[PDB]
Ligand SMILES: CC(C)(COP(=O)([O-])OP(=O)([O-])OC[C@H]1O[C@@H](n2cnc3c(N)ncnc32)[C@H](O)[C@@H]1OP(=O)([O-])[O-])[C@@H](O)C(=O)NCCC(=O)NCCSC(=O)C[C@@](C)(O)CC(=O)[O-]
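Let's start with one chain on its own, the form deposited without the ligand, as C-alpha coordinates.
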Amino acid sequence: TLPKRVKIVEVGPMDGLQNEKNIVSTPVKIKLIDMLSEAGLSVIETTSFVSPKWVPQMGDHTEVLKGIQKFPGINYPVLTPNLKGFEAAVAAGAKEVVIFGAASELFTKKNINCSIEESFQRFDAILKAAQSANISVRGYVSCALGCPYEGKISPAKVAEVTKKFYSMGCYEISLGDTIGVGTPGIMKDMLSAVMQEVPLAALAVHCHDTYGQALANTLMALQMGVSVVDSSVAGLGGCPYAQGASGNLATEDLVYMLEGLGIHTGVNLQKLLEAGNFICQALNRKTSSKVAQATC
(Lines give C-alpha, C1' and ligand atoms only; values in the text may rest on other atoms or scores of the structure.)
Protein backbone atom coordinates (compact mmCIF):
# COMPACT_ATOMS: atom_id res chain seq x y z
CA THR A 1 0.00 0.00 0.00
CA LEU A 2 2.33 2.75 -1.26
CA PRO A 3 1.23 6.33 -0.47
CA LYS A 4 0.47 8.64 -3.41
CA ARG A 5 2.48 11.40 -1.81
CA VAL A 6 5.20 11.61 0.79
CA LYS A 7 6.26 14.44 3.05
CA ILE A 8 10.04 14.50 3.19
CA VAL A 9 11.24 15.99 6.47
CA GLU A 10 14.69 17.51 5.84
CA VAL A 11 17.11 17.28 8.78
CA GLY A 12 20.38 18.44 7.24
CA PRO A 13 20.69 21.86 8.95
CA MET A 14 19.98 20.27 12.36
CA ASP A 15 20.61 16.51 12.54
CA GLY A 16 23.02 16.81 9.63
CA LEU A 17 25.19 19.63 10.93
CA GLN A 18 24.89 18.62 14.59
CA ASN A 19 26.81 15.51 13.61
CA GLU A 20 29.68 17.21 11.80
CA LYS A 21 33.24 17.86 12.99
CA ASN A 22 33.99 21.23 11.41
CA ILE A 23 31.40 23.84 12.40
CA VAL A 24 29.73 26.33 10.06
CA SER A 25 29.09 30.06 10.28
CA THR A 26 25.58 31.28 10.99
CA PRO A 27 25.31 32.90 7.54
CA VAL A 28 26.14 29.56 5.86
CA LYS A 29 23.41 27.80 7.88
CA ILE A 30 20.79 30.40 6.92
CA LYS A 31 21.74 30.14 3.24
CA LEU A 32 21.54 26.34 3.34
CA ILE A 33 18.04 26.45 4.81
CA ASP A 34 16.93 29.15 2.37
CA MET A 35 18.18 27.03 -0.53
CA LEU A 36 16.31 24.05 0.88
CA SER A 37 13.16 26.18 1.02
CA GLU A 38 14.01 27.06 -2.57
CA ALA A 39 14.07 23.37 -3.50
CA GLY A 40 10.52 22.87 -2.24
CA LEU A 41 10.91 20.97 1.04
CA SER A 42 7.72 21.45 3.08
CA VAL A 43 9.50 20.89 6.40
CA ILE A 44 13.08 21.68 7.30
CA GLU A 45 14.33 20.96 10.80
CA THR A 46 16.06 24.30 11.39
CA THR A 47 18.11 24.12 14.59
CA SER A 48 18.20 23.01 18.22
CA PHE A 49 17.65 25.22 21.27
CA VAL A 50 20.11 23.52 23.61
CA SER A 51 23.18 24.76 25.49
CA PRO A 52 26.31 25.38 23.41
CA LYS A 53 28.07 23.49 26.19
CA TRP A 54 26.31 20.25 25.21
CA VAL A 55 26.20 20.83 21.44
CA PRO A 56 28.17 23.87 20.19
CA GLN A 57 27.19 23.44 16.52
CA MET A 58 23.67 24.57 17.36
CA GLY A 59 24.76 27.53 19.47
CA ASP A 60 23.45 30.04 16.92
CA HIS A 61 19.94 28.60 17.17
CA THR A 62 18.16 31.84 18.11
CA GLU A 63 19.60 33.98 15.30
CA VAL A 64 19.33 31.15 12.74
CA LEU A 65 15.59 30.72 13.27
CA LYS A 66 15.21 34.50 13.14
CA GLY A 67 17.28 35.06 10.01
CA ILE A 68 15.89 32.37 7.68
CA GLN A 69 13.26 33.23 5.07
CA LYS A 70 9.87 31.87 6.11
CA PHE A 71 8.43 30.52 2.86
CA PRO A 72 4.62 30.25 2.62
CA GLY A 73 3.47 26.75 3.51
CA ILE A 74 6.89 25.60 4.69
CA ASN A 75 7.43 24.40 8.29
CA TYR A 76 10.56 25.03 10.31
CA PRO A 77 10.48 22.90 13.49
CA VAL A 78 13.22 23.12 16.10
CA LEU A 79 14.49 20.83 18.84
CA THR A 80 13.72 21.67 22.46
CA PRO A 81 15.52 19.24 24.82
CA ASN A 82 14.25 20.97 27.98
CA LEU A 83 11.62 23.45 29.20
CA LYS A 84 14.08 26.35 29.05
CA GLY A 85 15.06 25.52 25.47
CA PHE A 86 11.41 25.36 24.51
CA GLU A 87 10.90 28.65 26.31
CA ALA A 88 13.63 30.14 24.11
CA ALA A 89 12.21 28.64 20.91
CA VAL A 90 8.80 30.22 21.38
CA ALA A 91 10.39 33.61 22.04
CA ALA A 92 12.56 33.22 18.94
CA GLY A 93 9.35 32.64 16.98
CA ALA A 94 9.25 28.85 16.66
CA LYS A 95 5.88 27.55 15.45
CA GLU A 96 6.75 23.87 15.99
CA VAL A 97 9.11 22.12 18.38
CA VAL A 98 10.62 18.63 18.68
CA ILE A 99 11.16 16.50 21.78
CA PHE A 100 13.30 13.38 21.55
CA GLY A 101 13.18 10.16 23.50
CA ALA A 102 14.27 6.57 23.00
CA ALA A 103 13.02 3.00 23.37
CA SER A 104 16.22 2.19 25.27
CA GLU A 105 16.87 2.74 29.00
CA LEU A 106 20.65 2.66 28.65
CA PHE A 107 20.57 5.08 25.71
CA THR A 108 18.45 7.43 27.82
CA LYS A 109 20.85 7.18 30.78
CA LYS A 110 23.71 8.15 28.45
CA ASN A 111 21.90 10.85 26.46
CA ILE A 112 20.11 12.53 29.39
CA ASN A 113 21.15 10.61 32.53
CA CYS A 114 17.49 10.13 33.45
CA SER A 115 15.20 7.12 33.04
CA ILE A 116 12.62 6.60 30.31
CA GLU A 117 9.62 7.30 32.54
CA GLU A 118 11.54 10.29 33.88
CA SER A 119 12.21 11.73 30.41
CA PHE A 120 8.42 11.61 30.07
CA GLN A 121 8.00 13.83 33.13
CA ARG A 122 10.23 16.34 31.36
CA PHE A 123 8.26 16.01 28.10
CA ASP A 124 4.90 16.48 29.83
CA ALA A 125 6.02 19.90 31.06
CA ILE A 126 6.96 20.96 27.53
CA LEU A 127 3.83 19.58 25.87
CA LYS A 128 1.83 21.40 28.53
CA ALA A 129 3.41 24.80 27.87
CA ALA A 130 3.45 23.99 24.17
CA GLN A 131 -0.30 23.48 24.31
CA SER A 132 -0.84 26.76 26.13
CA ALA A 133 1.52 28.53 23.73
CA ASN A 134 -0.31 26.89 20.83
CA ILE A 135 2.82 25.14 19.57
CA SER A 136 2.60 21.81 17.75
CA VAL A 137 5.02 19.15 18.94
CA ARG A 138 6.73 16.34 17.08
CA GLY A 139 8.22 13.39 18.91
CA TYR A 140 11.30 11.36 18.01
CA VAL A 141 12.17 7.86 19.24
CA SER A 142 15.81 6.79 19.12
CA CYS A 143 17.00 3.18 18.78
CA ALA A 144 13.69 2.07 17.19
CA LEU A 145 15.52 -0.59 15.18
CA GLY A 146 18.19 -1.43 17.72
CA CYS A 147 20.42 0.19 20.31
CA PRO A 148 24.23 0.52 20.42
CA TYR A 149 24.11 -0.27 24.15
CA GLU A 150 21.17 -2.61 24.76
CA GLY A 151 21.28 -4.22 21.33
CA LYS A 152 17.96 -5.68 20.14
CA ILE A 153 14.98 -3.43 20.82
CA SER A 154 11.43 -4.75 21.09
CA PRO A 155 8.61 -3.72 18.75
CA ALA A 156 6.35 -3.65 21.82
CA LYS A 157 8.63 -1.17 23.60
CA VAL A 158 8.95 1.07 20.52
CA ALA A 159 5.15 0.93 20.29
CA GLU A 160 4.86 1.80 23.97
CA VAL A 161 7.03 4.93 23.81
CA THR A 162 5.46 6.04 20.52
CA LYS A 163 2.07 5.55 22.19
CA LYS A 164 3.10 7.66 25.20
CA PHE A 165 4.31 10.52 22.98
CA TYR A 166 1.16 10.48 20.87
CA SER A 167 -1.29 10.50 23.78
CA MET A 168 0.56 13.36 25.53
CA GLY A 169 -0.09 15.50 22.46
CA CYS A 170 2.61 14.85 19.83
CA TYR A 171 0.92 15.11 16.43
CA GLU A 172 3.57 13.07 14.60
CA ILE A 173 6.25 10.72 15.89
CA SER A 174 9.43 9.93 14.01
CA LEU A 175 10.92 6.47 14.57
CA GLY A 176 14.68 6.52 14.12
CA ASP A 177 17.25 3.85 13.33
CA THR A 178 20.00 5.95 14.90
CA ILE A 179 22.75 3.36 14.42
CA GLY A 180 21.45 2.34 10.99
CA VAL A 181 21.54 -1.36 11.89
CA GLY A 182 17.96 -2.16 10.92
CA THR A 183 17.08 -4.46 8.02
CA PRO A 184 13.65 -4.82 6.32
CA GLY A 185 12.05 -7.45 8.54
CA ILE A 186 13.05 -5.56 11.69
CA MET A 187 11.47 -2.41 10.27
CA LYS A 188 8.30 -4.29 9.35
CA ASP A 189 7.98 -5.84 12.81
CA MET A 190 8.53 -2.49 14.51
CA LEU A 191 6.12 -0.55 12.31
CA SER A 192 3.57 -3.33 12.64
CA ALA A 193 3.50 -3.16 16.45
CA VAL A 194 3.45 0.66 16.44
CA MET A 195 0.57 0.79 13.94
CA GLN A 196 -1.71 -1.02 16.42
CA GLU A 197 -1.49 1.85 18.91
CA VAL A 198 -0.84 4.96 16.81
CA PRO A 199 -2.64 5.96 13.60
CA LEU A 200 -0.57 5.65 10.42
CA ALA A 201 -0.53 9.33 9.39
CA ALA A 202 1.14 10.27 12.67
CA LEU A 203 4.17 8.09 11.90
CA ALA A 204 7.49 8.94 10.29
CA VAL A 205 10.74 7.05 9.88
CA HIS A 206 14.31 8.30 10.16
CA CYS A 207 16.76 5.73 8.79
CA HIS A 208 20.53 6.02 8.87
CA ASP A 209 22.59 4.56 6.05
CA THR A 210 25.56 3.47 8.16
CA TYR A 211 25.21 -0.11 6.92
CA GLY A 212 23.63 0.85 3.58
CA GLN A 213 20.12 -0.11 4.66
CA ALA A 214 18.44 3.34 4.84
CA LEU A 215 16.67 3.38 1.44
CA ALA A 216 15.75 -0.29 1.74
CA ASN A 217 14.35 0.25 5.24
CA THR A 218 12.60 3.38 4.01
CA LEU A 219 11.03 1.41 1.10
CA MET A 220 9.69 -1.12 3.60
CA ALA A 221 8.12 1.62 5.75
CA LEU A 222 6.53 3.11 2.64
CA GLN A 223 5.11 -0.29 1.69
CA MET A 224 3.61 -0.40 5.19
CA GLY A 225 1.78 2.87 4.57
CA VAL A 226 4.12 5.39 6.23
CA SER A 227 3.99 8.72 4.37
CA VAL A 228 6.61 10.91 6.02
CA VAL A 229 10.32 10.13 6.03
CA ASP A 230 13.35 11.98 7.34
CA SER A 231 16.60 12.50 5.46
CA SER A 232 19.49 14.95 5.21
CA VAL A 233 20.76 16.71 2.07
CA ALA A 234 24.06 15.33 0.78
CA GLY A 235 23.68 12.53 3.32
CA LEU A 236 24.98 14.88 6.05
CA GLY A 237 25.63 13.86 9.65
CA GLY A 238 27.82 10.86 10.36
CA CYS A 239 27.43 8.32 13.18
CA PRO A 240 29.08 8.66 16.65
CA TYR A 241 29.06 4.88 17.16
CA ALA A 242 30.86 4.13 13.89
CA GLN A 243 34.13 4.85 12.12
CA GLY A 244 34.20 7.40 9.30
CA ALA A 245 30.94 5.83 8.15
CA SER A 246 28.02 7.56 6.42
CA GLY A 247 25.16 9.04 8.43
CA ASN A 248 21.67 10.07 7.31
CA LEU A 249 19.85 8.79 4.25
CA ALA A 250 20.61 11.31 1.48
CA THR A 251 17.49 13.30 0.61
CA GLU A 252 18.50 13.52 -3.06
CA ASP A 253 18.64 9.72 -3.35
CA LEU A 254 15.27 9.48 -1.67
CA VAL A 255 13.60 11.97 -4.01
CA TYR A 256 15.07 10.06 -6.95
CA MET A 257 13.40 6.84 -5.79
CA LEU A 258 10.07 8.50 -5.00
CA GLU A 259 10.00 10.30 -8.33
CA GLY A 260 10.86 6.98 -9.97
CA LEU A 261 7.84 5.56 -8.15
CA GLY A 262 5.72 8.41 -9.48
CA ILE A 263 5.21 9.56 -5.87
CA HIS A 264 4.64 13.27 -5.17
CA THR A 265 7.22 15.08 -3.05
CA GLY A 266 6.98 18.61 -4.41
CA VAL A 267 10.76 18.83 -4.28
CA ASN A 268 12.84 20.14 -7.18
CA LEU A 269 15.80 17.77 -7.46
CA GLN A 270 17.97 20.18 -9.44
CA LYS A 271 17.68 22.86 -6.76
CA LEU A 272 18.04 20.25 -4.03
CA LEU A 273 21.42 19.32 -5.52
CA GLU A 274 22.58 22.95 -5.55
CA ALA A 275 21.80 23.16 -1.85
CA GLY A 276 23.65 19.90 -1.26
CA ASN A 277 26.68 21.09 -3.18
CA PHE A 278 26.62 24.48 -1.44
CA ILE A 279 26.90 22.96 2.04
CA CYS A 280 29.42 20.26 1.10
CA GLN A 281 31.77 22.94 -0.15
CA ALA A 282 31.28 25.06 2.98
CA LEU A 283 32.02 21.93 5.01
CA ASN A 284 34.82 21.02 2.61
CA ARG A 285 33.47 17.47 2.33
CA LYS A 286 32.18 15.09 -0.35
CA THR A 287 28.45 14.63 -0.77
CA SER A 288 27.22 11.18 0.27
CA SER A 289 24.48 11.40 -2.36
CA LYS A 290 24.90 8.85 -5.15
CA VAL A 291 22.44 10.81 -7.27
CA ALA A 292 24.71 13.82 -6.87
CA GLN A 293 27.77 11.83 -7.93
CA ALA A 294 26.14 10.30 -11.00
CA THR A 295 24.67 13.71 -11.91
CA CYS A 296 27.88 15.77 -11.80
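Start at 1 and count along the sequence shown; that's the residue number. So that the term is clear: the rigid core is the largest set of C-alpha atoms that superpose within 1.5 Å between two forms.
This next part talks about the form solved in complex with the ligand, which is not shown.
Highlighted residues 78, 136 and 166: none comes within 4.5 Å of the ligand in the entry with it bound, counting any heavy atom.
Contact annotation: of the candidates 30, 269, 263, 239, the single residue with a non-hydrogen atom within 4.5 angstroms of the ligand in the entry with it bound is 239.
The single contact residue among 90, 224, 198, 112, judged by any heavy atom lying within 4.5 Å of the ligand in the entry with it bound, is 112.
Residue contact with the ligand in the entry with it bound: residue 100 places a heavy atom within 4.5 Å of it. For the chain shown alone, residue 119 is not a contact residue for the ligand in the entry with it bound, no non-hydrogen atom being within 4.5 angstroms. Using a 4.5 Å cutoff between non-hydrogen atoms, residue 213 does not count as a contact of the ligand in the entry with it bound. The closest heavy atom approach of residue 51 to the ligand in the entry with it bound falls within 4.5 Å.
Picking from 183 to 191, 151 to 159, 126 to 134, 80 to 88 the stretch near the ligand in the entry with it bound, with a 4.5 Å limit on heavy atoms, gives 80 to 88. Heavy atoms closer than or equal to 4.5 Å to the ligand in the entry with it bound belong, across 160 to 190, to the residues 176, 178, ordered by sequence position.
Superposing the rigid core between this form and the one not shown leaves a single residue from 246, 26, 227, 62 with a C-alpha shift of at least 2 Å: 246.
Three angstroms is the minimum change: in the entry with it bound, the CA atoms of residue 212 and residue 239 sit farther apart than in this structure, by 3 Å or more.
Legend note: Cα of residue 241 to Cα of residue 59 is at least 3 Å closer in the entry with it bound than in the depicted form.
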